[PDB]
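Here the structure is laid out as structure tokens; the discussion comes afterwards.
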Amino acid sequence: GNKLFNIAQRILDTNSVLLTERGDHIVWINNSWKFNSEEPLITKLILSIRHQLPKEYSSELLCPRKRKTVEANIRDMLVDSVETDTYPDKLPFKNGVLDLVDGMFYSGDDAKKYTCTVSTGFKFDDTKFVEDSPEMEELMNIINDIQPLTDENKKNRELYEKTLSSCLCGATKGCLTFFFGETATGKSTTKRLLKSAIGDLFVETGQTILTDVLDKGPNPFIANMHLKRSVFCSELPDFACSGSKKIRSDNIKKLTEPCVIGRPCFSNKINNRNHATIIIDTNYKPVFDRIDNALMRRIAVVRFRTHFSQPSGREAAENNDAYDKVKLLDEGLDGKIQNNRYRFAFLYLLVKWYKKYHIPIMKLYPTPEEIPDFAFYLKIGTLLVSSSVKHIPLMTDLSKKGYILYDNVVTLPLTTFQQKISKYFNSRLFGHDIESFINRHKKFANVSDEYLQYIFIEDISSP
Amino acid sequence: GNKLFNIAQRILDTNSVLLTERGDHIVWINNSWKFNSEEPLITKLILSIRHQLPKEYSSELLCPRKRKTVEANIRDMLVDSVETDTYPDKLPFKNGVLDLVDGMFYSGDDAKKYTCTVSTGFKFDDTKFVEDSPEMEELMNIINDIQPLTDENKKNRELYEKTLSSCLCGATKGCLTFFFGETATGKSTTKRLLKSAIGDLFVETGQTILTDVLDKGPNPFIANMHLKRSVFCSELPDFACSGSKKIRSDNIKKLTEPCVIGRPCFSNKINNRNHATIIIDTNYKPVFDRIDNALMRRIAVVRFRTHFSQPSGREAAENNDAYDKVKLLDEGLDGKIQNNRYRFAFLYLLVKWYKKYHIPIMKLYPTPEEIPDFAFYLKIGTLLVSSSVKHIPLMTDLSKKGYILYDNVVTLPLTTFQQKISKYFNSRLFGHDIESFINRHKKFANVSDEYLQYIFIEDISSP
Amino acid sequence: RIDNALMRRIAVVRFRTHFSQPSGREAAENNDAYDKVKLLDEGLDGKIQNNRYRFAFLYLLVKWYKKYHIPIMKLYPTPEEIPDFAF
DNA sequence: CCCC
């Protein structure tokens, strides 16, 4: 009864067509989940799958009208939706899915279970995924040159390893890492190595991501971040030199939220998935227009203190404190990298680092202590704290400090506040941040006389 | 079974229809690969190929319904995508492909391997593609007149025919070229000669691709530059008079990238390859909004200094600085050029120039010296270097130079910088340049005081 | 902006004959701009709109073209008839 | 798509 309905039933039982929340159908032809908005591929799937059906069913699929009828039945059979790209522990290649937690490579129906849509763009070879090869030794030497293995560099090396390993996992990342370094220090070597390692999943973005309005009008620089697993910002137009817009804290906050606000061109949709690790390259100390408790909770830094400079200007990179170590430049490294010689060696190193840091939950951690910009706001947390349980039954001692009691609230004259705050830190070295805080957190008991609803830790610590 | 499926299988086995990565169906009719979105050619290919199928199959291809059925089968059979236009040293013609590195002309299945989907639009003629001819002498005379072979015109002529010969290369170029010069000098004659020589691979586009947003809405002014080996946006809107929008350096940077963003109407293909040698006709020096070292490496300029005028205006041309040679105008030259008389002669000229410049790699080189706008940044780059690792055991002597030591980082105050750098540039003519430099380079120690993290080369060289 | 490129593509042809009703004859004749004053034709617009002069003007244009048909047809600028170009 |  209705042979074509039975053909549709079998093609449905093979689980080769799925319906997504976008309304599109993702089909499995040629060992990959494909979909196309302007041209469905269900009839291509029917023609390709005609081989697995019984002998009497294969002849009915050589007519375009019958394949269109089968496609109509299949479309009317799909009601429930599914989810795509939900396994962050899997790396999708062009001919399979690699498992980071195990190391084995799956192909065909073994890669079919994970509904992976994006891909790295190149095939996977088992021969090059080995730990004994002169590409491996050369890459290890290069990485040791980039990051010294000294006891002083232990924390920096560890966090560099963690950050580079976290470019494989396909989930949201809660921090933005600063690859602080200088010219000819090897951050470009890391960029090229990572691009060669993860293929099409690596995208490089300019300054517009950092200090420009993300929403504004049209902005393709954000929509490209959809499902990419690494985002790189380079050639930063220094904010230390005046004339450039400061880093927008709201931009960093939006880029850390699991959903990214941003729209493509000629697109009716606004939401695009965010799995990207965002690493910022800089030769220069960063700055922020506004700084809030939520901000320095999403910032970590890596410092590169090794040079590869030509012998002509060696003392030019040797005779000051800013940059510490100087090695010899290598010229053929860029050509060898572009020839993708160490791609699989770097892939093996990345998987090894992930396995070393695959503790049950993967999570990046911020280290705001290494940014002098926050060094004024991470110390004022040790200086100023807000109102808490009970200062009321101790007003006898704070009165002599200059504090005044107003409607059962302890306030402070501005001059007395400055006098109490000037003791721990210099009024000139930190003076700009000082009067910035003064004008930022001043409360008006009136227009003329200003008061503050804060008491120092000093006044709390000192009886 | 299903005769029409067998016909589709045979037409697929002949390897005449391919699916491109952009989604276009390219067909092989009349010894060339053609694709057209609005008038698909698969049915034309079926009708033309009907002569190679057996006698029993050729009679079914005279009905449009059966041809549409065969086209449906073919469309369902093409799953994988191929790579096109990957050979950068092949000049495609209407009846074959000419090898530039050898000079041999291919046709048929020999030219089928190179999937060149663009063509000059005219057929190749070996008899006219010869070294000796009266047309050859005439054309050589005109080219000698436009650019003389004098020793004062050696480098300029060399850049002229290097840029002209690069128009045959099907690969992305790194620089933009402005033909600067006065009217009645040969820019239009050179443009029309090149147009006649290289056929449809030549495109004249608008001023939009320079000063307007490239994304915008549908932009046919960029979607037509797909795989075009030369692009001529002439008639620069001279910016000397206020009211002309300056060319955005962002657009210059984007044009060099091997892809551009642009969509045609009623279509969804947004990626266009960039094989173009951007040549901009002008009579005045171009001016950009922002000038930096990134733009410094992407500008090339060629000049024309030979006049062609009627006998009445001969004396004025003889009495001008702008012109180094005066010749009587040829009245029918434009007509004979439009008649495509010098087509193959100029083709041979360009091919010989390409062979003469045929190093295994063909890279274009920029000319920074010949731009008045670029004079300021060039001299500055030879005077200062950034704060480097050269300056701990030199703080003893730079203190007398005005520099101060802040956290072992050498900085210069604004007044000292002014009184040390004013000796190389004057205040009046370079007033805006100096003001922009000092405000885009200034760094603040606090709100009031400011300094510079820059040291001149002379101070570093000085002990 | 005026340059040598703009000076090679501009030509000017001047008109000085005035047509007016008899009421405004003297006022027109008291002006240097006009060298000749003639009487207006009222049905001229209608007979022109009726395509009456079609083939006559076609023959006139063909005769003028044949008179000026040297093997190449080229238009020549007249830079001397513009005050802005004088400098 | 133009059009705002």
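Note on naming: chains are A, B, ... as they come in the structure tokens, residues start from 1 per chain, ligands start from 1 in the order shown.
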Closest-contact table, chain B side, partner chain A, 9 Å, counting only C-alpha atoms, as JSON lines:
```
{"residue": "B:1", "atom": "CA", "partner": "A:59", "partner_atom": "CA", "distance": 7.8}
{"residue": "B:2", "atom": "CA", "partner": "A:62", "partner_atom": "CA", "distance": 6.8}
{"residue": "B:4", "atom": "CA", "partner": "A:63", "partner_atom": "CA", "distance": 8.9}
{"residue": "B:5", "atom": "CA", "partner": "A:62", "partner_atom": "CA", "distance": 6.5}
{"residue": "B:69", "atom": "CA", "partner": "A:64", "partner_atom": "CA", "distance": 7.1}
{"residue": "B:72", "atom": "CA", "partner": "A:64", "partner_atom": "CA", "distance": 6.6}
{"residue": "B:73", "atom": "CA", "partner": "A:64", "partner_atom": "CA", "distance": 6.8}
{"residue": "B:75", "atom": "CA", "partner": "A:44", "partner_atom": "CA", "distance": 8.4}
{"residue": "B:76", "atom": "CA", "partner": "A:44", "partner_atom": "CA", "distance": 5.0}
{"residue": "B:77", "atom": "CA", "partner": "A:44", "partner_atom": "CA", "distance": 6.9}
{"residue": "B:78", "atom": "CA", "partner": "A:44", "partner_atom": "CA", "distance": 8.3}
{"residue": "B:79", "atom": "CA", "partner": "A:44", "partner_atom": "CA", "distance": 7.4}
{"residue": "B:80", "atom": "CA", "partner": "A:30", "partner_atom": "CA", "distance": 8.4}
{"residue": "B:215", "atom": "CA", "partner": "A:265", "partner_atom": "CA", "distance": 7.4}
{"residue": "B:216", "atom": "CA", "partner": "A:218", "partner_atom": "CA", "distance": 7.9}
{"residue": "B:217", "atom": "CA", "partner": "A:266", "partner_atom": "CA", "distance": 7.5}
{"residue": "B:218", "atom": "CA", "partner": "A:266", "partner_atom": "CA", "distance": 8.6}
{"residue": "B:268", "atom": "CA", "partner": "A:38", "partner_atom": "CA", "distance": 8.3}
{"residue": "B:387", "atom": "CA", "partner": "A:322", "partner_atom": "CA", "distance": 8.8}
{"residue": "B:388", "atom": "CA", "partner": "A:317", "partner_atom": "CA", "distance": 6.4}
{"residue": "B:389", "atom": "CA", "partner": "A:320", "partner_atom": "CA", "distance": 4.1}
{"residue": "B:390", "atom": "CA", "partner": "A:319", "partner_atom": "CA", "distance": 4.0}
{"residue": "B:391", "atom": "CA", "partner": "A:320", "partner_atom": "CA", "distance": 4.9}
{"residue": "B:392", "atom": "CA", "partner": "A:320", "partner_atom": "CA", "distance": 4.3}
{"residue": "B:393", "atom": "CA", "partner": "A:319", "partner_atom": "CA", "distance": 6.4}
{"residue": "B:394", "atom": "CA", "partner": "A:319", "partner_atom": "CA", "distance": 8.3}
{"residue": "B:408", "atom": "CA", "partner": "A:321", "partner_atom": "CA", "distance": 6.7}
{"residue": "B:409", "atom": "CA", "partner": "A:322", "partner_atom": "CA", "distance": 7.4}
{"residue": "B:439", "atom": "CA", "partner": "A:242", "partner_atom": "CA", "distance": 6.6}
{"residue": "B:440", "atom": "CA", "partner": "A:243", "partner_atom": "CA", "distance": 5.2}
{"residue": "B:441", "atom": "CA", "partner": "A:241", "partner_atom": "CA", "distance": 5.1}
{"residue": "B:442", "atom": "CA", "partner": "A:241", "partner_atom": "CA", "distance": 5.4}
{"residue": "B:443", "atom": "CA", "partner": "A:241", "partner_atom": "CA", "distance": 5.0}
{"residue": "B:444", "atom": "CA", "partner": "A:240", "partner_atom": "CA", "distance": 7.9}
{"residue": "B:445", "atom": "CA", "partner": "A:429", "partner_atom": "CA", "distance": 8.1}
{"residue": "B:446", "atom": "CA", "partner": "A:432", "partner_atom": "CA", "distance": 5.3}
{"residue": "B:447", "atom": "CA", "partner": "A:432", "partner_atom": "CA", "distance": 6.0}
{"residue": "B:448", "atom": "CA", "partner": "A:432", "partner_atom": "CA", "distance": 8.9}
{"residue": "B:452", "atom": "CA", "partner": "A:241", "partner_atom": "CA", "distance": 8.4}
{"residue": "B:453", "atom": "CA", "partner": "A:241", "partner_atom": "CA", "distance": 8.8}
```
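Those residues of range 33-147 of chain A that DSSP, working from the backbone, places in strand (DSSP E) are residues 33, 34, 90, 91, 92, 97, 98, 99, 105 and 106 of chain A.
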Can you spit out the residues from that selection as a compact mmCIF listing (two decimals), in the first residue's frame, using C-alpha atoms?
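Now in again.txt:
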```
# COMPACT_ATOMS: atom_id res chain seq x y z
CA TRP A 33 25.72 16.95 7.87
CA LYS A 34 24.89 19.56 5.24
CA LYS A 90 34.42 16.90 20.02
CA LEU A 91 36.49 18.41 17.22
CA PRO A 92 34.83 18.15 13.79
CA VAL A 97 34.88 13.84 14.57
CA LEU A 98 37.85 13.71 16.94
CA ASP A 99 37.30 13.02 20.64
CA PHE A 105 39.14 9.41 15.66
CA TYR A 106 35.67 8.41 14.45
```
Exercise for review: Pair the Cα atoms of chain A and chain B in order, fit the first onto the second, and let me know the RMSD in Å.
Suggested key: 2.1 Å
Review point. Could you name the residues that touch residue 455 in chain B at 7 Å or less, counting only C-alpha atoms (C1' of nucleotides), but leaving out those on the same chain fewer than 5 positions away, as a list in words?
Key: residues 384, 385, 386 and 387 of chain B
Review point. Skipping near chain neighbours, those fewer than 6 positions away, what residues fall within 10 Å of residue 75 in chain C using only C-alpha atoms (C1' of nucleotides), listed as a list in words?
Key: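 Neighbouring residues, sequence-local ones excluded: residues 9, 10 and 11 of chain C.
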**Study point:** Selection near residue 18 in chain A, 8 Å with only C-alpha atoms (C1' of nucleotides), sequence-local residues under 4 positions removed, as a list in words
**Key:**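 Here the qualifying residues turn out to be residues 25, 26, 27, 78, 81 and 82 of chain A.
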Put those residues in a file: N, CA and C atoms, as a PDB file, in the first residue's frame.
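What landed in again17.pdb:
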```
ATOM      1  N   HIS A  25      16.346  21.743   7.214  1.00  0.00           N
ATOM      2  CA  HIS A  25      16.591  20.311   7.290  1.00  0.00           C
ATOM      3  C   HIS A  25      18.064  20.045   7.018  1.00  0.00           C
ATOM      4  N   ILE A  26      18.713  19.324   7.925  1.00  0.00           N
ATOM      5  CA  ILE A  26      20.119  18.961   7.788  1.00  0.00           C
ATOM      6  C   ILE A  26      20.183  17.512   7.334  1.00  0.00           C
ATOM      7  N   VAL A  27      20.844  17.270   6.209  1.00  0.00           N
ATOM      8  CA  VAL A  27      20.894  15.946   5.612  1.00  0.00           C
ATOM      9  C   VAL A  27      22.315  15.407   5.691  1.00  0.00           C
ATOM     10  N   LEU A  78       8.316  14.748   9.632  1.00  0.00           N
ATOM     11  CA  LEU A  78       9.195  15.343  10.634  1.00  0.00           C
ATOM     12  C   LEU A  78       8.428  16.421  11.388  1.00  0.00           C
ATOM     13  N   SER A  81      11.864  18.792  16.606  1.00  0.00           N
ATOM     14  CA  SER A  81      13.141  19.400  16.266  1.00  0.00           C
ATOM     15  C   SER A  81      14.268  18.773  17.079  1.00  0.00           C
ATOM     16  N   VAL A  82      15.501  19.066  16.665  1.00  0.00           N
ATOM     17  CA  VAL A  82      16.700  18.553  17.316  1.00  0.00           C
ATOM     18  C   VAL A  82      17.692  19.696  17.494  1.00  0.00           C
TER      19      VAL A  82
END
```
Practice item. Using only C-alpha atoms, find which residues of chain C lie within 12 Å of chain B and jot them down as a list in words. Key: residues 1, 2, 3, 4, 5, 6, 7, 8, 9, 70, 71, 72, 73, 74, 75, 76, 77 and 79 of chain C
List every residue of chain C that DSSP, applied to the backbone, labels as alpha helix (DSSP H), and write the result as a PDB file with N, CA, C and O atoms, in the first residue's frame.
```pdb
ATOM      1  N   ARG C  25       7.729  95.229 -28.289  1.00  0.00           N
ATOM      2  CA  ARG C  25       8.721  95.431 -29.340  1.00  0.00           C
ATOM      3  C   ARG C  25       9.770  96.459 -28.928  1.00  0.00           C
ATOM      4  O   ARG C  25      10.975  96.202 -29.024  1.00  0.00           O
ATOM      5  N   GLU C  26       9.328  97.629 -28.458  1.00  0.00           N
ATOM      6  CA  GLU C  26      10.264  98.702 -28.131  1.00  0.00           C
ATOM      7  C   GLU C  26      11.169  98.319 -26.965  1.00  0.00           C
ATOM      8  O   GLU C  26      12.375  98.605 -26.982  1.00  0.00           O
ATOM      9  N   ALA C  27      10.607  97.666 -25.945  1.00  0.00           N
ATOM     10  CA  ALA C  27      11.410  97.249 -24.800  1.00  0.00           C
ATOM     11  C   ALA C  27      12.506  96.279 -25.222  1.00  0.00           C
ATOM     12  O   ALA C  27      13.647  96.376 -24.754  1.00  0.00           O
ATOM     13  N   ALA C  28      12.176  95.331 -26.102  1.00  0.00           N
ATOM     14  CA  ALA C  28      13.189  94.418 -26.620  1.00  0.00           C
ATOM     15  C   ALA C  28      14.226  95.158 -27.455  1.00  0.00           C
ATOM     16  O   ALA C  28      15.427  94.881 -27.356  1.00  0.00           O
ATOM     17  N   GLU C  29      13.782  96.108 -28.283  1.00  0.00           N
ATOM     18  CA  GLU C  29      14.700  96.856 -29.132  1.00  0.00           C
ATOM     19  C   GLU C  29      15.575  97.826 -28.351  1.00  0.00           C
ATOM     20  O   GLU C  29      16.548  98.341 -28.911  1.00  0.00           O
ATOM     21  N   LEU C  44       2.669  78.243 -34.528  1.00  0.00           N
ATOM     22  CA  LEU C  44       3.926  77.547 -34.772  1.00  0.00           C
ATOM     23  C   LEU C  44       4.093  76.365 -33.829  1.00  0.00           C
ATOM     24  O   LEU C  44       4.525  75.285 -34.248  1.00  0.00           O
ATOM     25  N   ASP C  45       3.758  76.549 -32.551  1.00  0.00           N
ATOM     26  CA  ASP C  45       3.864  75.451 -31.595  1.00  0.00           C
ATOM     27  C   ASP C  45       2.954  74.295 -31.984  1.00  0.00           C
ATOM     28  O   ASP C  45       3.360  73.129 -31.923  1.00  0.00           O
ATOM     29  N   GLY C  46       1.724  74.598 -32.401  1.00  0.00           N
ATOM     30  CA  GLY C  46       0.814  73.540 -32.809  1.00  0.00           C
ATOM     31  C   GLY C  46       1.288  72.799 -34.045  1.00  0.00           C
ATOM     32  O   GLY C  46       1.255  71.566 -34.091  1.00  0.00           O
ATOM     33  N   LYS C  47       1.744  73.536 -35.062  1.00  0.00           N
ATOM     34  CA  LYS C  47       2.183  72.870 -36.285  1.00  0.00           C
ATOM     35  C   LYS C  47       3.484  72.107 -36.071  1.00  0.00           C
ATOM     36  O   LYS C  47       3.749  71.130 -36.780  1.00  0.00           O
ATOM     37  N   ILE C  48       4.306  72.532 -35.108  1.00  0.00           N
ATOM     38  CA  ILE C  48       5.484  71.753 -34.741  1.00  0.00           C
ATOM     39  C   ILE C  48       5.071  70.482 -34.011  1.00  0.00           C
ATOM     40  O   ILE C  48       5.615  69.400 -34.261  1.00  0.00           O
ATOM     41  N   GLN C  49       4.094  70.587 -33.106  1.00  0.00           N
ATOM     42  CA  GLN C  49       3.590  69.415 -32.402  1.00  0.00           C
ATOM     43  C   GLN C  49       2.854  68.456 -33.327  1.00  0.00           C
ATOM     44  O   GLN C  49       2.662  67.290 -32.967  1.00  0.00           O
ATOM     45  N   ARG C  54       8.759  67.514 -39.816  1.00  0.00           N
ATOM     46  CA  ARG C  54       9.566  66.338 -39.508  1.00  0.00           C
ATOM     47  C   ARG C  54      10.540  66.015 -40.636  1.00  0.00           C
ATOM     48  O   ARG C  54      11.763  66.093 -40.464  1.00  0.00           O
ATOM     49  N   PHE C  55      10.013  65.670 -41.811  1.00  0.00           N
ATOM     50  CA  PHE C  55      10.883  65.250 -42.903  1.00  0.00           C
ATOM     51  C   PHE C  55      11.667  66.418 -43.489  1.00  0.00           C
ATOM     52  O   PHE C  55      12.769  66.217 -44.007  1.00  0.00           O
ATOM     53  N   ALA C  56      11.135  67.637 -43.405  1.00  0.00           N
ATOM     54  CA  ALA C  56      11.890  68.796 -43.868  1.00  0.00           C
ATOM     55  C   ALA C  56      13.153  68.994 -43.037  1.00  0.00           C
ATOM     56  O   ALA C  56      14.252  69.165 -43.581  1.00  0.00           O
ATOM     57  N   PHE C  57      13.019  68.956 -41.707  1.00  0.00           N
ATOM     58  CA  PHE C  57      14.193  69.075 -40.851  1.00  0.00           C
ATOM     59  C   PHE C  57      15.106  67.867 -40.988  1.00  0.00           C
ATOM     60  O   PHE C  57      16.328  68.005 -40.880  1.00  0.00           O
ATOM     61  N   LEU C  58      14.541  66.681 -41.227  1.00  0.00           N
ATOM     62  CA  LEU C  58      15.377  65.512 -41.477  1.00  0.00           C
ATOM     63  C   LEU C  58      16.239  65.709 -42.717  1.00  0.00           C
ATOM     64  O   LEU C  58      17.437  65.404 -42.704  1.00  0.00           O
ATOM     65  N   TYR C  59      15.648  66.227 -43.796  1.00  0.00           N
ATOM     66  CA  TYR C  59      16.413  66.489 -45.009  1.00  0.00           C
ATOM     67  C   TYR C  59      17.470  67.559 -44.774  1.00  0.00           C
ATOM     68  O   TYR C  59      18.596  67.448 -45.273  1.00  0.00           O
ATOM     69  N   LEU C  60      17.125  68.606 -44.024  1.00  0.00           N
ATOM     70  CA  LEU C  60      18.106  69.641 -43.718  1.00  0.00           C
ATOM     71  C   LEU C  60      19.290  69.067 -42.948  1.00  0.00           C
ATOM     72  O   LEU C  60      20.453  69.358 -43.259  1.00  0.00           O
ATOM     73  N   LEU C  61      19.010  68.242 -41.937  1.00  0.00           N
ATOM     74  CA  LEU C  61      20.079  67.653 -41.140  1.00  0.00           C
ATOM     75  C   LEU C  61      20.931  66.707 -41.975  1.00  0.00           C
ATOM     76  O   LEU C  61      22.157  66.677 -41.829  1.00  0.00           O
ATOM     77  N   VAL C  62      20.302  65.925 -42.855  1.00  0.00           N
ATOM     78  CA  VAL C  62      21.061  65.015 -43.709  1.00  0.00           C
ATOM     79  C   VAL C  62      21.964  65.798 -44.654  1.00  0.00           C
ATOM     80  O   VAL C  62      23.125  65.433 -44.873  1.00  0.00           O
ATOM     81  N   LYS C  63      21.447  66.887 -45.228  1.00  0.00           N
ATOM     82  CA  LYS C  63      22.262  67.707 -46.118  1.00  0.00           C
ATOM     83  C   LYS C  63      23.441  68.323 -45.376  1.00  0.00           C
ATOM     84  O   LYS C  63      24.568  68.335 -45.885  1.00  0.00           O
ATOM     85  N   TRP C  64      23.204  68.832 -44.163  1.00  0.00           N
ATOM     86  CA  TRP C  64      24.299  69.391 -43.376  1.00  0.00           C
ATOM     87  C   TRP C  64      25.332  68.326 -43.025  1.00  0.00           C
ATOM     88  O   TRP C  64      26.543  68.579 -43.083  1.00  0.00           O
ATOM     89  N   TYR C  65      24.875  67.128 -42.656  1.00  0.00           N
ATOM     90  CA  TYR C  65      25.796  66.045 -42.331  1.00  0.00           C
ATOM     91  C   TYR C  65      26.648  65.679 -43.537  1.00  0.00           C
ATOM     92  O   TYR C  65      27.865  65.510 -43.421  1.00  0.00           O
ATOM     93  N   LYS C  66      26.022  65.562 -44.711  1.00  0.00           N
ATOM     94  CA  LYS C  66      26.773  65.239 -45.920  1.00  0.00           C
ATOM     95  C   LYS C  66      27.761  66.346 -46.263  1.00  0.00           C
ATOM     96  O   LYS C  66      28.859  66.074 -46.763  1.00  0.00           O
ATOM     97  N   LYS C  67      27.385  67.601 -46.009  1.00  0.00           N
ATOM     98  CA  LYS C  67      28.320  68.703 -46.206  1.00  0.00           C
ATOM     99  C   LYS C  67      29.522  68.577 -45.278  1.00  0.00           C
ATOM    100  O   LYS C  67      30.661  68.827 -45.689  1.00  0.00           O
TER     101      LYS C  67
END
```
**Study point:** Residue neighbourhood residue 378 in chain A, 10 Å, only C-alpha atoms (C1' of nucleotides), exclusion window fewer than 6 positions, as JSON, numbers by chain
**Key:** {"A": [293, 296, 368, 369, 371, 372]}
Selected residues, N, CA and C atoms, written as a short mmCIF file (atom, residue, chain, number, x, y, z; two decimals), in the first residue's frame, please.
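New file result_36.cif:
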```cif
data_model
loop_
_atom_site.label_atom_id
_atom_site.label_comp_id
_atom_site.auth_asym_id
_atom_site.auth_seq_id
_atom_site.Cartn_x
_atom_site.Cartn_y
_atom_site.Cartn_z
N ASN A 293 33.10 46.09 39.06
CA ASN A 293 33.41 44.81 39.68
C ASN A 293 33.24 43.65 38.71
N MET A 296 36.85 43.45 35.86
CA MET A 296 38.10 42.75 36.14
C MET A 296 37.89 41.34 36.65
N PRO A 368 43.49 39.38 37.50
CA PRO A 368 43.57 40.84 37.29
C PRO A 368 44.73 41.51 38.01
N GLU A 369 45.53 40.77 38.78
CA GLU A 369 46.59 41.39 39.56
C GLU A 369 47.75 41.89 38.71
N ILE A 371 47.67 43.78 35.90
CA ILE A 371 47.34 44.94 35.08
C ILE A 371 47.41 46.18 35.97
N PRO A 372 48.38 47.07 35.77
CA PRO A 372 48.45 48.28 36.60
C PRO A 372 47.21 49.16 36.52
#
```
**Study point:** Computed interatomic separation between CA of residue 88 in chain B and CA of residue 175 in chain B (Å)
**Key:**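 One can read the CA of residue 88 in chain B to CA of residue 175 in chain B distance as 17.2 Å.
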Exercise for review: Skip residue 52 in chain A itself and residues of its chain fewer than 3 positions away, then list as a list in words all residues within 10 Å of it, counting only C-alpha atoms (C1' of nucleotides).
Suggested key: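 That gives residues 10, 11, 14, 48, 49, 55, 57 and 58 of chain A.
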Residues just named, written with N, CA and C atoms as a short mmCIF file (atom, residue, chain, number, x, y, z; two decimals), in the first residue's frame:
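Generated file (again.cif):
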```
data_model
loop_
_atom_site.label_atom_id
_atom_site.label_comp_id
_atom_site.auth_asym_id
_atom_site.auth_seq_id
_atom_site.Cartn_x
_atom_site.Cartn_y
_atom_site.Cartn_z
N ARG A 10 11.22 4.18 5.30
CA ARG A 10 12.56 3.62 5.43
C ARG A 10 13.62 4.71 5.48
N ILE A 11 13.53 5.70 4.59
CA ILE A 11 14.50 6.79 4.58
C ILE A 11 14.44 7.57 5.89
N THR A 14 16.32 5.43 8.63
CA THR A 14 17.78 5.53 8.59
C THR A 14 18.32 6.75 9.33
N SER A 48 20.91 9.27 -3.49
CA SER A 48 22.10 8.59 -2.98
C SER A 48 21.73 7.35 -2.18
N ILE A 49 20.64 7.41 -1.42
CA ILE A 49 20.24 6.32 -0.53
C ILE A 49 19.50 5.21 -1.25
N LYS A 55 15.38 -4.33 -3.54
CA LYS A 55 15.59 -4.27 -4.99
C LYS A 55 14.41 -3.62 -5.70
N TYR A 57 12.42 -1.35 -4.59
CA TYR A 57 12.25 0.05 -4.25
C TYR A 57 13.25 0.95 -4.95
N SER A 58 14.34 0.40 -5.49
CA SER A 58 15.39 1.24 -6.05
C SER A 58 14.99 1.83 -7.39
#
```
**Study point:** Between CA of residue 162 in chain A and CA of residue 125 in chain A - distance in Å to one decimal
**Key:** 25.2 Å
Check your understanding: Suppose you want the space between CA of residue 237 in chain A and CA of residue 374 in chain A; what is it in Å?
Key -> 20.4 Å
